[PDB]
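entry_16.txt follows; it contains compact mmCIF, C-alpha atoms and all ligand atoms.
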# COMPACT_ATOMS: atom_id res chain seq x y z
CA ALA Q 1 218.68 7.15 37.44
CA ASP Q 2 221.60 4.72 37.16
CA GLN Q 3 220.97 2.03 34.54
CA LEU Q 4 224.31 0.26 35.08
CA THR Q 5 224.94 -1.10 38.58
CA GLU Q 6 227.21 -3.68 40.20
CA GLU Q 7 224.18 -5.58 41.51
CA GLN Q 8 223.23 -6.53 37.96
CA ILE Q 9 226.69 -8.00 37.41
CA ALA Q 10 226.57 -9.94 40.69
CA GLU Q 11 223.54 -11.78 39.31
CA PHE Q 12 225.71 -13.63 36.81
CA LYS Q 13 228.43 -14.24 39.40
CA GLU Q 14 225.92 -15.72 41.86
CA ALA Q 15 224.35 -17.86 39.14
CA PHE Q 16 227.73 -19.56 38.78
CA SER Q 17 227.39 -21.18 42.20
CA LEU Q 18 223.66 -21.68 41.64
CA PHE Q 19 224.28 -24.33 38.99
CA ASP Q 20 226.63 -26.40 41.16
CA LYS Q 21 224.52 -25.61 44.22
CA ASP Q 22 222.79 -28.93 43.50
CA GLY Q 23 225.97 -30.81 44.50
CA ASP Q 24 229.75 -30.39 44.68
CA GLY Q 25 230.23 -29.82 40.95
CA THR Q 26 227.85 -30.81 38.16
CA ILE Q 27 226.01 -29.23 35.23
CA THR Q 28 222.64 -30.84 34.42
CA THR Q 29 219.35 -29.84 32.81
CA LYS Q 30 217.72 -29.74 36.23
CA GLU Q 31 220.18 -27.08 37.33
CA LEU Q 32 219.52 -25.04 34.19
CA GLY Q 33 215.76 -25.54 34.54
CA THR Q 34 216.10 -23.85 37.92
CA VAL Q 35 217.15 -20.60 36.25
CA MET Q 36 213.74 -20.66 34.65
CA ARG Q 37 212.51 -18.89 37.76
CA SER Q 38 214.68 -15.84 37.16
CA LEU Q 39 213.35 -15.95 33.59
CA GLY Q 40 209.83 -16.99 34.66
CA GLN Q 41 209.36 -18.90 31.41
CA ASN Q 42 212.21 -19.38 28.92
CA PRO Q 43 211.19 -22.19 26.45
CA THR Q 44 214.74 -21.77 25.19
CA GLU Q 45 215.47 -24.54 27.68
CA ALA Q 46 212.43 -26.63 26.77
CA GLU Q 47 213.51 -26.98 23.15
CA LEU Q 48 217.17 -27.25 24.06
CA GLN Q 49 216.30 -29.83 26.75
CA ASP Q 50 216.35 -32.49 24.04
CA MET Q 51 219.45 -30.94 22.45
CA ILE Q 52 221.32 -31.00 25.77
CA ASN Q 53 220.61 -34.68 26.44
CA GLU Q 54 221.40 -35.58 22.83
CA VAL Q 55 224.94 -34.16 22.81
CA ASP Q 56 225.29 -34.84 26.55
CA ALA Q 57 223.98 -38.40 26.16
CA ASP Q 58 227.58 -39.30 25.39
CA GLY Q 59 227.77 -40.61 28.97
CA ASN Q 60 224.89 -38.93 30.81
CA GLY Q 61 222.55 -35.93 30.64
CA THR Q 62 225.22 -34.13 32.69
CA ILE Q 63 228.30 -32.08 31.77
CA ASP Q 64 231.51 -31.89 33.79
CA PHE Q 65 233.09 -28.57 34.81
CA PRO Q 66 236.28 -29.01 32.70
CA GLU Q 67 234.07 -29.35 29.61
CA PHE Q 68 231.59 -26.73 30.83
CA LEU Q 69 234.06 -23.88 30.38
CA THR Q 70 235.09 -25.16 26.95
CA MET Q 71 231.49 -25.62 25.82
CA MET Q 72 230.44 -22.19 27.08
CA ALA Q 73 233.58 -20.64 25.62
CA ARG Q 74 232.87 -21.91 22.11
CA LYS Q 75 229.09 -21.49 22.38
CA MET Q 76 229.43 -18.03 23.96
CA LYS Q 77 231.76 -15.48 22.36
CA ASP Q 78 233.97 -13.33 24.57
CA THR Q 79 233.06 -9.70 25.19
CA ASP Q 80 235.23 -8.84 22.19
CA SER Q 81 232.11 -9.42 20.10
CA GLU Q 82 231.15 -5.88 21.07
CA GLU Q 83 233.25 -4.64 18.15
CA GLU Q 84 231.87 -7.32 15.81
CA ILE Q 85 228.30 -6.54 16.77
CA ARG Q 86 229.17 -2.92 16.14
CA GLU Q 87 228.96 -3.44 12.41
CA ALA Q 88 225.71 -5.37 12.96
CA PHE Q 89 224.17 -2.31 14.65
CA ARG Q 90 223.45 -0.63 11.32
CA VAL Q 91 222.15 -3.81 9.67
CA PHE Q 92 220.52 -5.36 12.73
CA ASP Q 93 219.09 -2.02 13.89
CA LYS Q 94 217.87 -0.08 10.84
CA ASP Q 95 216.02 2.45 12.95
CA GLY Q 96 219.14 3.15 15.01
CA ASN Q 97 217.35 5.76 17.12
CA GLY Q 98 214.82 3.03 17.90
CA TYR Q 99 215.22 -0.40 19.52
CA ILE Q 100 214.00 -3.81 18.35
CA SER Q 101 210.89 -5.03 20.18
CA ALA Q 102 210.18 -8.65 21.08
CA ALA Q 103 207.53 -8.84 18.35
CA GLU Q 104 209.91 -7.60 15.66
CA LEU Q 105 212.71 -9.81 17.03
CA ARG Q 106 210.59 -12.91 16.46
CA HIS Q 107 210.27 -12.11 12.75
CA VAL Q 108 214.07 -12.02 12.54
CA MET Q 109 214.43 -15.25 14.52
CA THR Q 110 211.98 -16.96 12.15
CA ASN Q 111 214.16 -16.22 9.13
CA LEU Q 112 217.08 -17.86 10.94
CA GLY Q 113 215.19 -21.12 11.32
CA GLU Q 114 212.88 -23.08 13.64
CA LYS Q 115 215.33 -25.29 15.53
CA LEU Q 116 214.55 -23.50 18.79
CA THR Q 117 211.16 -22.58 20.24
CA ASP Q 118 209.19 -19.54 19.03
CA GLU Q 119 208.05 -18.53 22.52
CA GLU Q 120 211.52 -18.62 24.16
CA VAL Q 121 212.20 -14.94 23.38
CA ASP Q 122 208.57 -13.84 23.78
CA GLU Q 123 208.40 -15.08 27.39
CA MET Q 124 212.10 -14.88 28.27
CA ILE Q 125 212.22 -11.24 27.26
CA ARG Q 126 209.00 -10.74 29.20
CA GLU Q 127 210.10 -11.75 32.69
CA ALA Q 128 213.90 -11.83 32.68
CA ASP Q 129 213.52 -8.22 31.47
CA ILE Q 130 213.03 -5.60 34.18
CA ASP Q 131 211.29 -3.19 31.79
CA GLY Q 132 209.07 -5.98 30.49
CA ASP Q 133 208.69 -3.87 27.36
CA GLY Q 134 211.29 -6.00 25.59
CA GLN Q 135 213.95 -4.04 23.73
CA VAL Q 136 217.29 -4.95 22.11
CA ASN Q 137 220.10 -2.58 21.13
CA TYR Q 138 223.87 -2.40 20.60
CA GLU Q 139 224.44 -1.36 24.21
CA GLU Q 140 222.36 -4.29 25.48
CA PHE Q 141 223.97 -6.68 22.99
CA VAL Q 142 227.27 -6.50 24.86
CA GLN Q 143 225.55 -7.37 28.15
CA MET Q 144 223.49 -10.06 26.41
CA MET Q 145 226.63 -12.12 25.71
CA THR Q 146 229.62 -12.50 28.02
CA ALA Q 147 231.67 -15.70 27.71
CA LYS Q 148 234.37 -14.01 29.81
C1 LIG O 1 224.32 -25.88 26.42
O1 LIG O 1 223.13 -25.20 26.01
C2 LIG O 1 222.95 -24.08 26.76
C3 LIG O 1 223.35 -22.82 26.33
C4 LIG O 1 223.13 -21.72 27.16
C5 LIG O 1 223.51 -20.45 26.74
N1 LIG O 1 222.34 -19.57 26.68
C6 LIG O 1 222.02 -18.88 25.58
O2 LIG O 1 222.67 -18.92 24.53
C7 LIG O 1 220.76 -18.01 25.70
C8 LIG O 1 220.08 -17.91 24.33
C9 LIG O 1 220.31 -16.52 23.75
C10 LIG O 1 218.99 -15.97 23.20
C11 LIG O 1 219.28 -14.91 22.14
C12 LIG O 1 218.14 -14.03 21.61
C13 LIG O 1 218.44 -12.92 20.60
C14 LIG O 1 217.79 -13.26 19.26
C15 LIG O 1 217.88 -11.59 21.12
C16 LIG O 1 222.52 -21.88 28.40
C17 LIG O 1 222.14 -23.15 28.83
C18 LIG O 1 222.35 -24.25 28.01
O3 LIG O 1 222.00 -25.51 28.36
CA CA O 2 226.93 -30.96 40.99
CA CA O 3 229.79 -35.02 29.20
CA CA O 4 214.35 -2.27 15.89
CA CA O 5 214.83 -3.92 27.94
Since I need it in another form, could you write the structure as structure tokens?
Amino acid sequence: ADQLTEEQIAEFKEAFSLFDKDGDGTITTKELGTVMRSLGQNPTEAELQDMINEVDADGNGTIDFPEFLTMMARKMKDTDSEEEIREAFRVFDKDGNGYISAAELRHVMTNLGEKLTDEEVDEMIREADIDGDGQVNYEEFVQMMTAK
């Protein structure tokens, strides 16, 4: 009956130590690839794999913690985006009473570009999602992103 639970939040908290679990403190593609299990199959990493090494190839396909927070901070917007996404609810979600499915989401992602994989969302939304029915909405948008 309860959709929001503390357990769900703990997942993100635990994942924090999961990345460094490999060693004392290090962020590498191997660590990220591990998360693939919780997501079953998230190409998002496959395509990015090259992107990570490219920008990370400055010294090694690994990123230090001091830079990890900065990178995630800029890449991921704080929870304050909730208000910003609020305006996007009407435009992003025309139906309003309805939610965007994975199939419809793909069409939107296509218009954006093709830098990332096309399957990332199709499979990521399939496993990582408890419902498995794939659905995106304003309420979920806030939980989707959380830099802090
Ligand atoms: C540094 O590159 C990395 C960035 C992230 C951050 N992860 C994300 O941004 C997940 C992608 C969000 C998918 C959005 C789908 C919408 C259209 C519904 C994780 C690991 C990394 O290696
Ligand atoms: Ca490490
Ligand atoms: Ca680095
Ligand atoms: Ca929709
Ligand atoms: Ca869902």
Who sits within 9 Å of stretch 51-60 of chain Q, only C-alpha atoms, same chain under 3 positions skipped, as a short mmCIF file (atom, residue, chain, number, x, y, z; two decimals) with C-alpha atoms, keeping the file's coordinate frame:
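As a result, part01.cif now contains:
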data_model
loop_
_atom_site.label_atom_id
_atom_site.label_comp_id
_atom_site.auth_asym_id
_atom_site.auth_seq_id
_atom_site.Cartn_x
_atom_site.Cartn_y
_atom_site.Cartn_z
CA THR Q 28 222.64 -30.84 34.42
CA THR Q 29 219.35 -29.84 32.81
CA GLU Q 45 215.47 -24.54 27.68
CA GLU Q 47 213.51 -26.98 23.15
CA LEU Q 48 217.17 -27.25 24.06
CA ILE Q 63 228.30 -32.08 31.77
#
- Item | Protein, DNA and RNA residues within 12 Å of (234.2, -25.4, 29.6), only C-alpha atoms, as a PyMOL selection string | chain Q and resi 26-27+63-76+147-148
- Note on the structure: Judged by all atoms listed in the file, the minimum distance to residue Q:37 among Q:5, Q:15, Q:79, Q:22 is found for Q:15
- Task: Rounded to one decimal place, report the atom CA of residue Q:11-atom CA of residue Q:33 distance in Å.
- Result: 16.5 Å
- Query: With distances taken over only C-alpha atoms and all ligand atoms, which of Q:146, Q:14, Q:8, Q:62 is nearest to ligand CA 3 (chain O)?
  - Reply: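 Nearest candidate to ligand CA 3 (chain O) out of Q:146, Q:14, Q:8, Q:62: Q:62.
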- Query: Could you name the residues that touch residue Q:137 at 12 Å or less, counting all atoms listed in the file, but leaving out those on the same chain fewer than 4 positions away, as a list in words?
  - Reply: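 Contacts, with the query itself left out: residues 82, 85, 86, 88, 89, 90, 91, 92, 93, 94, 95, 96, 97, 98, 99, 100, 101, 102, 105, 141, 142, 143 and 144 of chain Q.
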- Rounded to one decimal place, report the atom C2 of ligand LIG 1 (chain O)-atom CA of residue Q:6 distance in Å.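 Answer for the atom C2 of ligand LIG 1 (chain O) to atom CA of residue Q:6 separation: 24.8 Å.
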- Message: Taking all atoms listed in the file into account, name the residue in Q:135, Q:38, Q:81, Q:110 that is nearest to ligand CA 4 (chain O).
- Response: Q:135
- If you measure from atom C9 of ligand LIG 1 (chain O) to atom CA of residue Q:23, what distance in Å do you get, rounded to one decimal?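 These atoms are spaced 25.8 Å apart.
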- Point out the residue among Q:9, Q:32, Q:39, Q:128 with the least atom-to-atom distance to ligand LIG 1 (chain O), counting all atoms listed in the file.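 Closest residue, counting all atoms listed in the file: Q:32.
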- Of the residues Q:80, Q:24, Q:50, Q:104, which is the one nearest to residue Q:117, using all atoms listed in the file?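 For residue Q:117, the nearest of the candidates is Q:50.
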- Query: Which polymer residues have any atom within 9 Å of an atom of residue Q:127, counting all atoms listed in the file, with same-chain residues fewer than 4 positions away left out, as an MDAnalysis selection string?
  - Reply: chainID Q and resid 38:42 123 131:132
- Task: Using all atoms listed in the file, find the one residue out of Q:19, Q:106, Q:77, Q:114 that sits nearest to ligand CA 2 (chain O).
- Result: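 Among the listed residues, the smallest separation from ligand CA 2 (chain O) belongs to Q:19.
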Using only C-alpha atoms and all ligand atoms, find each residue of chain Q with at least one atom at most 8 Å away from an atom of ligand CA 5 (chain O); report its shortest atom-to-atom pair and that distance in Å (one decimal), sort the rows by chain and rising residue number, and return the result as a Markdown table.
| residue | atom | partner | partner_atom | distance |
| --- | --- | --- | --- | --- |
| Q:125 | CA | O:CA5 | CA | 7.8 |
| Q:129 | CA | O:CA5 | CA | 5.7 |
| Q:130 | CA | O:CA5 | CA | 6.7 |
| Q:131 | CA | O:CA5 | CA | 5.3 |
| Q:132 | CA | O:CA5 | CA | 6.6 |
| Q:133 | CA | O:CA5 | CA | 6.2 |
| Q:134 | CA | O:CA5 | CA | 4.7 |
| Q:135 | CA | O:CA5 | CA | 4.3 |
| Q:136 | CA | O:CA5 | CA | 6.4 |
| Q:140 | CA | O:CA5 | CA | 7.9 |
